[PDB]
$ cat protein38.txt   # compact mmCIF, C-alpha atoms
# COMPACT_ATOMS: atom_id res chain seq x y z
CA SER A 620 0.00 0.00 0.00
CA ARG A 621 2.54 2.58 1.15
CA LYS A 622 5.11 1.15 -1.27
CA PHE A 623 2.56 1.39 -4.09
CA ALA A 624 2.06 5.09 -3.34
CA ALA A 625 5.85 5.52 -3.25
CA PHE A 626 6.19 3.98 -6.72
CA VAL A 627 3.24 6.05 -7.96
CA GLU A 628 4.86 9.32 -6.87
CA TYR A 629 8.41 8.42 -7.92
CA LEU A 630 7.46 7.10 -11.36
CA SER A 631 5.10 10.05 -11.91
CA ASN A 632 7.98 12.45 -11.25
CA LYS A 633 10.35 10.36 -13.38
CA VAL A 634 7.89 10.31 -16.28
CA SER A 635 7.28 14.06 -15.98
CA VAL A 636 11.04 14.71 -16.12
CA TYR A 637 11.96 12.08 -18.75
CA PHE A 638 9.01 12.39 -21.16
CA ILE A 639 10.99 14.84 -23.31
CA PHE A 640 13.15 11.94 -24.47
CA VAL A 641 10.01 9.93 -25.28
CA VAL A 642 8.44 12.74 -27.31
CA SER A 643 11.73 13.39 -29.11
CA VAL A 644 12.18 9.73 -30.05
CA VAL A 645 8.56 9.29 -31.16
CA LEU A 646 8.79 12.43 -33.30
CA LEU A 647 12.02 11.06 -34.77
CA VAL A 648 10.17 7.84 -35.61
CA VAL A 649 7.27 9.71 -37.25
CA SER A 650 9.71 12.01 -39.10
CA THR A 651 12.21 9.43 -40.36
CA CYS A 652 10.40 6.08 -40.68
CA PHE A 653 7.56 6.98 -43.07
CA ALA A 654 8.51 8.82 -46.27
CA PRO A 655 10.35 11.89 -47.67
CA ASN A 656 7.37 14.26 -47.61
CA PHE A 657 7.75 18.02 -47.23
CA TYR A 658 5.67 18.14 -44.04
CA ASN A 659 7.73 15.18 -42.81
CA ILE A 660 10.89 17.07 -43.80
CA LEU A 661 9.74 20.07 -41.75
CA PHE A 662 8.92 17.77 -38.82
CA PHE A 663 12.47 16.45 -38.88
CA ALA A 664 13.92 19.94 -39.37
CA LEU A 665 11.98 21.27 -36.37
CA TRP A 666 13.15 18.33 -34.25
CA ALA A 667 16.78 18.95 -35.22
CA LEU A 668 16.36 22.69 -34.61
CA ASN A 669 14.97 21.97 -31.14
CA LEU A 670 17.94 19.73 -30.36
CA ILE A 671 20.37 22.36 -31.68
CA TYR A 672 18.72 25.09 -29.60
CA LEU A 673 18.94 22.83 -26.55
CA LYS A 674 22.64 22.28 -27.27
CA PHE A 675 23.15 26.05 -27.54
CA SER A 676 22.01 26.80 -23.98
CA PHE A 677 19.66 24.95 -21.65
CA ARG A 678 18.51 28.33 -20.30
CA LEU A 679 17.19 29.49 -23.68
CA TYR A 680 15.74 26.07 -24.52
CA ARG A 681 13.90 25.95 -21.19
CA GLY A 682 12.66 29.51 -21.67
CA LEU A 683 11.44 28.85 -25.22
CA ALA A 684 10.23 25.27 -24.64
CA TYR A 685 6.62 26.36 -24.14
CA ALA A 686 6.37 28.39 -27.36
CA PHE A 687 8.17 25.64 -29.27
CA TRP A 688 5.64 23.08 -28.03
CA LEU A 689 2.69 25.30 -28.99
CA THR A 690 4.12 25.86 -32.47
CA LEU A 691 4.80 22.13 -32.89
CA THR A 692 1.31 21.05 -31.81
CA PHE A 693 -0.39 23.76 -33.88
CA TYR A 694 1.51 22.91 -37.05
CA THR A 695 1.08 19.15 -36.64
CA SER A 696 -2.65 19.66 -36.09
CA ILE A 697 -2.83 21.87 -39.20
CA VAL A 698 -1.00 19.32 -41.35
CA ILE A 699 -3.21 16.53 -39.97
CA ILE A 700 -6.32 18.47 -41.03
CA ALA A 701 -4.83 19.22 -44.45
CA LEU A 702 -3.81 15.60 -45.03
CA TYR A 703 -7.21 14.28 -43.91
CA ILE A 704 -9.18 16.69 -46.09
CA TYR A 705 -6.90 15.81 -49.01
CA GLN A 706 -7.56 12.07 -48.64
CA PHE A 707 -10.77 12.17 -50.69
CA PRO A 708 -11.88 11.60 -54.28
CA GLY A 709 -14.05 14.70 -54.43
CA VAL A 710 -11.90 17.03 -52.34
CA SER A 711 -8.71 15.99 -54.15
CA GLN A 712 -10.50 16.62 -57.46
CA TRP A 713 -11.53 20.06 -56.18
CA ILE A 714 -7.97 20.81 -55.07
CA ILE A 715 -6.43 19.72 -58.38
CA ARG A 716 -9.09 21.82 -60.14
CA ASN A 717 -8.73 25.09 -58.22
CA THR A 718 -5.24 25.16 -56.66
CA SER A 719 -3.70 24.26 -60.05
CA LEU A 720 -0.93 22.26 -58.37
CA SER A 721 0.84 19.65 -60.48
CA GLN A 722 0.47 16.01 -59.46
CA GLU A 723 4.21 15.42 -59.00
CA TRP A 724 4.58 18.52 -56.81
CA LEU A 725 1.40 17.67 -54.90
CA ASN A 726 2.80 14.20 -54.19
CA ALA A 727 6.27 15.49 -53.29
CA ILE A 728 4.93 17.99 -50.75
CA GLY A 729 3.22 15.04 -49.06
CA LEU A 730 -0.47 15.29 -49.88
CA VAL A 731 -0.96 12.18 -52.03
CA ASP A 732 -4.20 10.20 -52.16
CA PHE A 733 -3.50 6.67 -50.93
CA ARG A 734 -6.95 5.45 -51.99
CA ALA A 735 -5.79 5.58 -55.61
CA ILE A 736 -2.57 3.90 -54.48
CA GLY A 737 -4.58 1.37 -52.46
CA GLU A 738 -1.99 0.82 -49.70
CA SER A 739 -4.27 0.98 -46.67
CA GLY A 740 -1.72 0.17 -43.97
CA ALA A 741 0.49 3.04 -45.08
CA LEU A 742 -2.50 5.36 -44.65
CA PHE A 743 -3.17 3.88 -41.20
CA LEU A 744 0.40 4.71 -40.22
CA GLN A 745 0.12 8.13 -41.94
CA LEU A 746 -2.79 8.95 -39.64
CA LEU A 747 -1.88 7.17 -36.39
CA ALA A 748 1.71 8.41 -36.14
CA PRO A 749 0.88 12.14 -36.61
CA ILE A 750 -2.03 12.00 -34.16
CA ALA A 751 0.25 9.86 -31.98
CA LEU A 752 2.65 12.81 -31.90
CA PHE A 753 -0.31 15.13 -31.29
CA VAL A 754 -1.58 13.17 -28.28
CA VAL A 755 2.00 12.85 -26.99
CA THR A 756 2.39 16.64 -27.21
CA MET A 757 -0.93 17.36 -25.50
CA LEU A 758 0.07 14.83 -22.83
CA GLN A 759 3.31 16.79 -22.39
CA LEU A 760 1.43 20.10 -22.20
CA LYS A 761 -0.61 21.01 -19.10
CA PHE A 762 0.58 17.76 -17.50
CA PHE A 763 4.37 17.69 -17.08
CA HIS A 764 5.49 21.03 -18.55
CA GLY A 765 4.84 22.44 -15.08
CA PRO A 766 6.53 19.70 -13.05
CA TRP A 767 9.40 19.53 -15.56
CA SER A 768 9.89 23.30 -15.28
CA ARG A 769 9.94 23.00 -11.48
CA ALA A 770 12.49 20.17 -11.69
CA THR A 771 14.70 22.18 -14.08
CA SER A 772 14.00 25.59 -12.50
CA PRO A 773 17.38 25.90 -10.70
CA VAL A 808 16.56 -3.31 -0.75
CA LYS A 809 18.02 -0.26 0.99
CA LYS A 810 21.54 -1.43 0.12
CA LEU A 811 20.32 -2.08 -3.42
CA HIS A 812 18.94 1.46 -3.61
CA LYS A 813 22.19 2.96 -2.30
CA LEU A 814 24.33 0.97 -4.74
CA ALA A 815 21.98 1.93 -7.58
CA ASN A 816 22.40 5.62 -6.75
CA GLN A 817 26.18 5.23 -6.46
CA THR A 818 26.40 3.38 -9.78
CA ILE A 819 24.27 6.03 -11.50
CA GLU A 820 26.51 8.77 -10.10
CA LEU A 821 29.73 7.04 -11.20
CA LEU A 822 28.32 6.28 -14.65
CA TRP A 823 27.27 9.90 -15.12
CA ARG A 824 30.71 11.10 -14.00
CA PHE A 825 32.33 8.71 -16.49
CA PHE A 826 29.97 10.20 -19.07
CA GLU A 827 30.72 13.83 -18.18
CA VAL A 828 34.43 13.08 -18.53
CA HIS A 829 34.46 10.94 -21.72
CA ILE A 830 31.25 11.77 -23.61
CA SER A 831 33.08 14.17 -25.93
CA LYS A 832 35.43 11.31 -26.83
CA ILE A 833 32.48 8.93 -27.27
CA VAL A 834 30.58 11.29 -29.58
CA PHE A 835 33.73 12.04 -31.59
CA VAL A 836 34.28 8.28 -31.92
CA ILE A 837 30.78 7.52 -33.20
CA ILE A 838 30.75 10.50 -35.58
CA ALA A 839 34.12 9.52 -37.03
CA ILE A 840 33.13 5.85 -37.40
CA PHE A 841 30.09 6.94 -39.40
CA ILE A 842 32.01 9.43 -41.51
CA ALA A 843 34.66 6.80 -42.22
CA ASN A 844 31.82 4.52 -43.32
CA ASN A 845 30.90 7.36 -45.72
CA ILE A 846 33.95 8.80 -47.50
CA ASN A 847 31.83 10.95 -49.85
CA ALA A 848 32.49 14.63 -50.60
CA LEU A 849 29.48 15.98 -48.70
CA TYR A 850 31.08 15.58 -45.25
CA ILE A 851 34.44 17.28 -45.96
CA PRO A 852 33.34 20.38 -43.99
CA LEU A 853 32.34 17.98 -41.22
CA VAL A 854 35.78 16.33 -41.06
CA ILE A 855 37.40 19.77 -41.06
CA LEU A 856 35.11 21.05 -38.31
CA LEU A 857 35.40 17.86 -36.23
CA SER A 858 39.19 18.12 -36.47
CA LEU A 859 38.91 21.74 -35.33
CA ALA A 860 36.72 20.66 -32.41
CA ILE A 861 39.07 17.88 -31.29
CA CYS A 862 42.17 20.07 -31.73
CA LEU A 863 40.99 22.52 -29.04
CA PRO A 864 38.13 20.89 -27.12
CA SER A 865 36.69 21.89 -23.73
CA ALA A 866 38.12 25.40 -24.05
CA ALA A 867 36.10 28.07 -25.89
CA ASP A 868 32.96 26.23 -24.69
CA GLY A 869 31.43 23.71 -27.09
CA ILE A 870 30.83 26.06 -30.01
CA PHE A 871 32.49 23.74 -32.54
CA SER A 872 30.02 21.08 -31.41
CA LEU A 873 27.23 23.56 -32.20
CA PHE A 874 28.53 24.15 -35.72
CA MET A 875 29.04 20.44 -36.41
CA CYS A 876 25.54 19.61 -35.14
CA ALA A 877 24.20 22.38 -37.39
CA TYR A 878 26.11 20.91 -40.34
CA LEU A 879 24.71 17.46 -39.55
CA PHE A 880 21.22 18.96 -39.57
CA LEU A 881 21.95 20.72 -42.87
CA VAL A 882 23.33 17.58 -44.54
CA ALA A 883 20.39 15.49 -43.35
CA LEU A 884 17.99 18.14 -44.67
CA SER A 885 19.80 18.18 -48.02
CA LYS A 886 19.55 14.39 -48.26
CA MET A 887 15.84 14.71 -47.44
CA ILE A 888 15.36 17.21 -50.29
CA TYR A 889 17.30 15.02 -52.73
CA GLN A 890 15.25 11.95 -51.78
CA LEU A 891 12.19 14.14 -52.33
CA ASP A 892 10.94 14.07 -55.91
CA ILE A 893 11.12 17.75 -56.92
CA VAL A 894 14.90 17.63 -57.50
CA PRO A 895 15.72 17.03 -61.20
CA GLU A 896 18.47 14.44 -60.76
CA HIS A 911 36.15 8.28 -64.45
CA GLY A 912 32.88 6.88 -65.77
CA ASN A 913 32.43 4.33 -62.99
CA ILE A 914 31.25 7.01 -60.52
CA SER A 915 28.81 9.83 -61.26
CA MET A 916 28.10 13.12 -59.49
CA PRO A 917 25.61 12.15 -56.72
CA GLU A 918 27.21 9.02 -55.24
CA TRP A 919 30.64 10.67 -55.25
CA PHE A 920 28.98 13.66 -53.58
CA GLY A 921 26.98 11.27 -51.38
CA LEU A 922 23.76 13.23 -52.00
CA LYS A 923 22.32 10.41 -54.09
CA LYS A 924 18.77 9.41 -55.03
CA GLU A 925 17.87 6.27 -53.09
CA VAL A 926 15.45 3.64 -54.36
CA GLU A 927 11.85 4.77 -54.01
CA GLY A 928 10.00 3.13 -51.13
CA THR A 929 13.13 2.80 -49.00
CA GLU A 930 12.65 4.35 -45.59
CA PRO A 931 14.62 7.62 -45.14
CA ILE A 932 15.88 6.39 -41.75
CA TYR A 933 17.90 3.60 -43.38
CA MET A 934 20.42 5.70 -45.31
CA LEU A 935 20.40 8.42 -42.63
CA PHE A 936 20.65 6.10 -39.62
CA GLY A 937 24.16 7.23 -38.71
CA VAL A 938 23.28 10.91 -39.09
CA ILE A 939 20.42 10.69 -36.59
CA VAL A 940 22.56 8.50 -34.31
CA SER A 941 25.23 11.22 -34.31
CA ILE A 942 22.57 13.87 -33.68
CA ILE A 943 21.22 11.89 -30.71
CA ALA A 944 24.77 11.38 -29.44
CA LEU A 945 25.42 15.14 -29.56
CA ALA A 946 22.14 15.81 -27.75
CA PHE A 947 23.04 13.18 -25.15
CA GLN A 948 26.45 14.84 -24.69
CA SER A 949 24.77 18.22 -24.18
CA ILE A 950 22.19 16.91 -21.71
CA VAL A 951 24.92 15.12 -19.74
CA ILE A 952 26.80 18.42 -19.51
CA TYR A 953 23.68 20.28 -18.40
CA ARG A 954 22.50 17.67 -15.88
CA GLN A 955 25.98 17.31 -14.36
CA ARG A 956 26.22 21.10 -14.03
CA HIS A 957 22.78 21.13 -12.39
CA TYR A 958 23.74 18.39 -9.92
CA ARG A 959 27.06 20.04 -9.05
CA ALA A 960 25.29 23.37 -8.51
CA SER A 961 22.69 21.68 -6.28
CA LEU A 962 25.48 20.05 -4.26
CA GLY A 963 27.60 23.21 -4.52
CA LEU A 964 30.39 21.57 -6.52
CA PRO A 965 32.39 23.94 -8.78
CA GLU A 966 33.70 23.17 -12.26
CA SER A 967 37.04 22.01 -10.82
CA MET A 968 35.45 18.72 -9.75
CA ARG A 969 34.66 17.85 -13.39
CA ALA A 970 38.31 16.96 -14.06
CA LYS A 971 38.25 13.93 -11.74
CA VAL A 972 36.06 10.84 -11.94
CA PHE A 973 36.40 9.77 -8.29
CA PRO A 974 36.84 13.07 -6.40
CA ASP A 975 36.85 11.30 -3.02
CA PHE A 976 39.81 9.15 -4.16
CA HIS A 977 43.33 10.42 -4.83
CA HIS A 978 45.79 8.60 -7.07
CA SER A 979 48.24 8.12 -4.18
CA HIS A 980 45.69 5.85 -2.42
CA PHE A 981 45.49 3.26 -5.21
CA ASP A 982 47.64 0.68 -3.42
CA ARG A 983 45.27 -0.04 -0.52
CA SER A 984 42.97 -2.32 -2.53
CA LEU A 985 42.31 -3.54 -6.05
CA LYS A 986 39.15 -1.42 -6.31
CA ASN A 987 41.25 1.66 -5.59
CA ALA A 988 43.64 0.48 -8.31
CA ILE A 989 40.73 0.24 -10.77
CA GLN A 990 39.55 3.72 -9.78
CA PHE A 991 43.09 5.04 -10.24
CA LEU A 992 43.16 3.46 -13.69
CA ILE A 993 39.80 4.91 -14.76
CA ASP A 994 40.76 8.33 -13.35
CA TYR A 995 44.45 9.04 -14.08
CA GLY A 996 45.80 6.07 -16.05
CA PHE A 997 46.16 8.21 -19.15
CA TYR A 998 47.39 11.14 -17.05
CA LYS A 999 50.25 8.87 -15.97
CA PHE A 1000 50.89 6.84 -19.16
CA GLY A 1001 49.84 9.19 -21.96
CA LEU A 1002 53.12 8.85 -23.82
CA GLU A 1003 52.96 5.06 -23.71
CA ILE A 1004 49.32 4.94 -24.83
CA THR A 1005 49.87 7.38 -27.69
CA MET A 1006 52.83 5.34 -28.94
CA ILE A 1007 50.47 2.35 -28.75
CA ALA A 1008 48.07 4.27 -30.99
CA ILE A 1009 50.94 5.13 -33.36
CA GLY A 1010 51.98 1.49 -33.57
CA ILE A 1011 48.45 0.22 -34.18
CA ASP A 1012 47.94 2.86 -36.87
CA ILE A 1013 51.22 1.88 -38.56
CA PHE A 1014 50.21 -1.79 -38.41
CA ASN A 1015 46.91 -0.74 -40.02
CA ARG A 1016 48.44 1.38 -42.81
CA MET A 1017 51.93 0.37 -44.05
CA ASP A 1018 52.21 3.44 -46.28
CA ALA A 1019 53.75 6.90 -46.75
CA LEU A 1020 51.57 8.46 -44.06
CA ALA A 1021 52.59 5.52 -41.90
CA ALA A 1022 56.19 6.42 -42.80
CA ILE A 1023 55.87 10.04 -41.63
CA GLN A 1024 54.00 8.88 -38.52
CA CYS A 1025 56.92 6.48 -38.01
CA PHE A 1026 59.34 9.41 -38.26

$ encode --input "protein38.txt" --output "structure tokens"
Amino acid sequence: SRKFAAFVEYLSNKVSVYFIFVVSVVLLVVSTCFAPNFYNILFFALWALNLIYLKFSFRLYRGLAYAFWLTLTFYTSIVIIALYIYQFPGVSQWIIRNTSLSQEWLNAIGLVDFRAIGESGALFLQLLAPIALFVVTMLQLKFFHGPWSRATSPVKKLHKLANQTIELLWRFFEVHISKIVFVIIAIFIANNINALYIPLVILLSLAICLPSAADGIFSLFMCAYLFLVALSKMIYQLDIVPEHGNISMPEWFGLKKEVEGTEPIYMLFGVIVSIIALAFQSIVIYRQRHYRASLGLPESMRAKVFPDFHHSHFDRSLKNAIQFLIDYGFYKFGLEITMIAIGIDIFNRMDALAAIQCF
């Protein structure tokens, strides 16, 4: 009884504070897993813009969250009405008679009559998912937008160990999430050696060359470029666009026309994964700053992973040795580890760049 009330309250608060991730992921699903339609493109663009604005400053994102949610729900309602009223024989005939909009443009923008196509399940998704986003938004508004704003305004042994593990994991994240996001972005962009991401390699190299310092502005520009490249791929997959002999312009430039019917998420999976990784990096930064401010911990504590443990106390037990590793192992053996990286790279290359790296 009392425990049931405890779970009710705790999970209600947790849902109210975590439902932003749920709405973001469901909007990503409805804006990447259906089709390259112009309203879908603007859904995805608004989602990426929201994530970028969050990455800019949590203060501004929190201040403008309410207006963003109203704009999102209003526009998704409007597009739902437009799509529903278009899905008709008579009304579509009236639209093609008066609006004088060509069939290919009218399909590319998104308003295409599936009754002529006959694919009913696609229409069921085309309705459910947008009104799914609508009900999710209205369930965010007037329900948790208050409690979430209040939260962001500034088995007992099992519970204690759970809290400790969460704290240590989030410290590990606040210290190595930049490395993790750089790793995933570079793995993707190595899987795609096209010409369209050359600014992204240049800007990622600039970010890694001088990270931490000068805030995370370079992360902002690279997230913006990821949004721009994903938008460009969306436009190219959309039908309005018109278009040494082994490779042609688009596939060398990476902005190629995929097979029709393929889901846009498939050939932009890595792009959205990198976007989510950048957002996760930003929210880790913001939440760790919030927790350290609530506990009165300055930015100096962010350098260490185990602040209560000093590297001179590693020899008392093996757990202290593991903590010393995780904390300052690189700080002590950076030269050795970087020569390890040099050797592995040379073993992976055997070439002229390997020769200069060998020098």

$ atom_distance --input "protein38.txt" --atom1 "CA of residue 631 (chain A)" --atom2 "CA of residue 772 (chain A)"
17.9 Å

$ closest_residue --input "protein38.txt" --among "A:993, A:937, A:878, A:887" --to "residue 923 (chain A)" --atoms "only C-alpha atoms"
A:887

$ closest_residue --input "protein38.txt" --among "A:711, A:865, A:659, A:718" --to "residue 832 (chain A)" --atoms "all atoms listed in the file"
A:865

$ atom_distance --input "protein38.txt" --atom1 "CA of residue 945 (chain A)" --atom2 "CA of residue 771 (chain A)"
20.1 Å

$ closest_residue --input "protein38.txt" --among "A:920, A:688, A:750, A:678" --to "residue 703 (chain A)" --atoms "only C-alpha atoms"
A:750

$ residues_around --input "protein38.txt" --residues "residue 1009 (chain A)" --least-positions-apart "3" --cutoff "12 Å" --atoms "all atoms listed in the file" --output "PyMOL selection string"
chain A and resi 1002-1006+1012-1017+1020-1026

$ closest_residue --input "protein38.txt" --among "A:694, A:841, A:629, A:713" --to "residue 662 (chain A)" --atoms "only C-alpha atoms"
A:694

$ residues_around --input "protein38.txt" --residues "residue 954 (chain A)" --least-positions-apart "3" --cutoff "10 Å" --atoms "all atoms listed in the file" --output "ChimeraX atom specification"
/A:677,771,823,827,949-951,957-960

$ closest_residue --input "protein38.txt" --among "A:875, A:989, A:884, A:914" --to "residue 664 (chain A)" --atoms "all atoms listed in the file"
A:884

$ atom_distance --input "protein38.txt" --atom1 "CA of residue 767 (chain A)" --atom2 "CA of residue 636 (chain A)"
5.1 Å

$ closest_residue --input "protein38.txt" --among "A:770, A:962, A:863, A:943" --to "residue 669 (chain A)" --atoms "all atoms listed in the file"
A:943

$ residues_around --input "protein38.txt" --residues "residue 822 (chain A)" --least-positions-apart "6" --cutoff "12 Å" --atoms "all atoms listed in the file" --output "NGL selection string"
:A and (814-816 or 828-830 or 951 or 955 or 972-973 or 993)

$ residues_around --input "protein38.txt" --residues "residue 640 (chain A)" --least-positions-apart "3" --cutoff "12 Å" --atoms "only C-alpha atoms" --output "PyMOL selection string"
chain A and resi 633-637+643-647+666+670+755+759+943+946-947+950

$ residues_around --input "protein38.txt" --residues "residue 870 (chain A)" --least-positions-apart "3" --cutoff "9 Å" --atoms "all atoms listed in the file" --output "PyMOL selection string"
chain A and resi 675+860+867+873-875
